[PDB]
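In my numbering, the protein residues as written are 20 to 456.
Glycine residues also receive a C-beta, built at the ideal position from the N, C-alpha and C atoms.
Take a look at the structure set out below.
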Ligand SMILES: O=C(O)Cc1c[n+]2c([nH]1)[C@H](O)[C@@H](O)[C@H](O)[C@H]2CO
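Written out as structure tokens, the structure reads:
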């Protein structure tokens, strides 16, 4: 058997825009994902988050699913423009009420809330003022975070400032594939820097407002392996695409060496002036992990090399040892006091069989392998306190729309029916047993 530490936090994760629907209900302002998805050409099939999983109405049912599965923690995000419709200034009580009911329900049912303050749904009003490109967002984000802390910090004790600031900056402002859909490398690196400044300011406010409780930050990570033994390209991909881009500032007070080699000219001229503030002490690091990649130098002087490995419906290579590597590596490089796996999961072409069940053995095999590697990292000293499956529900998968299903629960979008998949049932047994057998 593979048993986890006593009180290890087994969880599931979601994000507001991906599951809620009703983006403009009850006085909410538009987000940048509302306007981006309503722009033709940006999202597969013209899909939007207008309805999604209708969690805005079905939240109680969904939480009852978490309870019934015996899952111990729920990672969810708060929609900034539901709380402050113009981004700063006015606070919307109906937006607070929505999350208040979720928080109280979770606590009543003995489920630990983990709140992501920002999972990509920036208020549109702030994007008109440059969004993450504007230095003033450190102030706007701090004011937003302070409202959440004042309203919920009595009950919610586990907070995450940002989900995947690399994705927000680079996919949103360089690749242009995510909101706000820009392609400018100078803007993208100023977003990187302002995301760090905003994170640190929010942590600073947290220490002033919520006497009890812990705050951290979540990074996307890939497992990069070299295509040959000629290695530096892997080095750069790790430092740029993984936690070091942000953790080197936080722990060491500067960007990683190979990031500066690539991107110095794109960063603000006096960016180091902000570094002492960026070193604000954090309580844990959240790592998201899904895929491994074979990488070679290619005259960012990096290209991916396709491997003949099992892949998910995203085309992502399944490399379970990657989750072990990233956990070992984070300890070795920055030694954070606590780590969580804040997302791990897979998209497959799920079908409801004639027997009414969703037989996703492929997803079971994926989760089991990665949970096994996480267990290993714990045996070797990594202070992993929890593990969150992405996602509770099939949902709006950003620019892929509804075409990619990551849930351990199937959603029939025609009826909003939830069908617990085989992977959901399997996971519930893992949680009940506190591990694998
Ligand atoms: O970017 C990565 O490699 C890691 C990643 C996967 N995912 C995420 N990050 C986001 O946090 C989620 O909102 C997505 O739904 C999910 C699946 O794509």
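Host alpha helix (DSSP H) of residue i (start-end)
{"i": "residue 305", "result": "Not the alpha helix (DSSP H): residue 305 falls in the beta strand (DSSP E), residues 303 to 316."}
{"i": "residue 344", "result": "340 to 353"}
{"i": "residue 391", "result": "380 to 398"}
{"i": "residue 244", "result": "Unbroken run through residue 244 is the beta strand (DSSP E), 233 to 245; no alpha helix (DSSP H)."}
{"i": "residue 113", "result": "112 to 127"}
{"i": "residue 167", "result": "156 to 171"}
{"i": "residue 406", "result": "Taken as a continuous stretch (DSSP letters only), residue 406 belongs to no alpha helix (DSSP H), being part of the beta strand (DSSP E) at 403 to 409."}
{"i": "residue 36", "result": "35 to 38"}
{"i": "residue 216", "result": "204 to 228"}
{"i": "residue 370", "result": "Residue 370 -> no alpha helix (DSSP H), and no H or E assigned at all."}
{"i": "residue 451", "result": "441 to 452"}
{"i": "residue 278", "result": "276 to 282"}
Pairwise C-alpha distance: residue j and residue i
{"i": "residue 165", "j": "residue 47", "result": "19 Å"}
{"i": "residue 232", "j": "residue 31", "result": "20 Å"}
{"i": "residue 54", "j": "residue 395", "result": "44 Å"}
{"i": "residue 246", "j": "residue 345", "result": "19 Å"}
{"i": "residue 61", "j": "residue 95", "result": "25 Å"}
{"i": "residue 120", "j": "residue 92", "result": "16 Å"}
{"i": "residue 363", "j": "residue 379", "result": "16 Å"}
{"i": "residue 80", "j": "residue 35", "result": "16 Å"}
{"i": "residue 133", "j": "residue 429", "result": "23 Å"}
{"i": "residue 85", "j": "residue 411", "result": "8 Å"}
{"i": "residue 144", "j": "residue 440", "result": "39 Å"}
{"i": "residue 194", "j": "residue 148", "result": "21 Å"}
{"i": "residue 177", "j": "residue 168", "result": "11 Å"}
{"i": "residue 58", "j": "residue 240", "result": "29 Å"}
{"i": "residue 129", "j": "residue 97", "result": "20 Å"}
{"i": "residue 456", "j": "residue 376", "result": "23 Å"}
{"i": "residue 218", "j": "residue 236", "result": "8 Å"}
{"i": "residue 468", "j": "residue 277", "result": "Residue 468 lies beyond the stretch modelled for the chain, which goes from 20 to 456, so this question has no answer here."}
Cβ-heavy atom distance, residue i to ligand 1, below 8 Å
{"i": "residue 197", "result": "no"}
{"i": "residue 274", "result": "no"}
{"i": "residue 310", "result": "yes"}
{"i": "residue 1", "result": "Residue 1 is absent from the model: the chain starts at 20 and stops at 456."}
{"i": "residue 90", "result": "no"}
{"i": "residue 34", "result": "yes"}
{"i": "residue 212", "result": "no"}
{"i": "residue 333", "result": "yes"}
{"i": "residue 364", "result": "yes"}
{"i": "residue 416", "result": "yes"}
{"i": "residue 307", "result": "yes"}
{"i": "residue 138", "result": "yes"}
{"i": "residue 50", "result": "no"}
{"i": "residue 410", "result": "yes"}
{"i": "residue 55", "result": "no"}
{"i": "residue 430", "result": "no"}
{"i": "residue 183", "result": "yes"}
{"i": "residue 187", "result": "no"}
{"i": "residue 258", "result": "no"}
{"i": "residue 112", "result": "no"}
{"i": "residue 392", "result": "no"}
{"i": "residue 95", "result": "no"}
{"i": "residue 37", "result": "yes"}
{"i": "residue 265", "result": "no"}
{"i": "residue 425", "result": "yes"}
Range of the contiguous beta strand (DSSP E) that encloses residue i
{"i": "residue 32", "result": "28 to 32"}
{"i": "residue 177", "result": "177 to 182"}
{"i": "residue 51", "result": "Counting along the chain, residue 51 falls outside any beta strand (DSSP E), though it belongs to the alpha helix (DSSP H) covering 51 to 56."}
{"i": "residue 322", "result": "321 to 324"}
{"i": "residue 362", "result": "358 to 363"}
{"i": "residue 136", "result": "131 to 137"}
* Count the C-beta pairs between the region 46 to 64 and the region 86 to 105 that are closer than 8 Å, then say yes if the count reaches three, no if not. => yes
* Decide if the region 153 to 173 is in contact with the region 207 to 220; the criterion is three or more beta carbon pairs, one per stretch, under 8 Å apart. => yes
* **Length-filtered (3 minimum) beta strand (DSSP E) runs lying within the region 84 to 113** => 92 to 96
* Asked: Does the region 311 to 325 come close enough to the region 402 to 417 to have 3 or more Cβ pairs within less than 8 Å?
  -> no
* Asked: Taking three-plus beta-carbon pairs below 8 Å as touching, is the region 219 to 233 in contact with the region 247 to 260?
  -> no
* Asked: For the 8 Å Cβ check, are there 3 or more pairs between the region 350 to 357 and the region 299 to 310?
  -> yes
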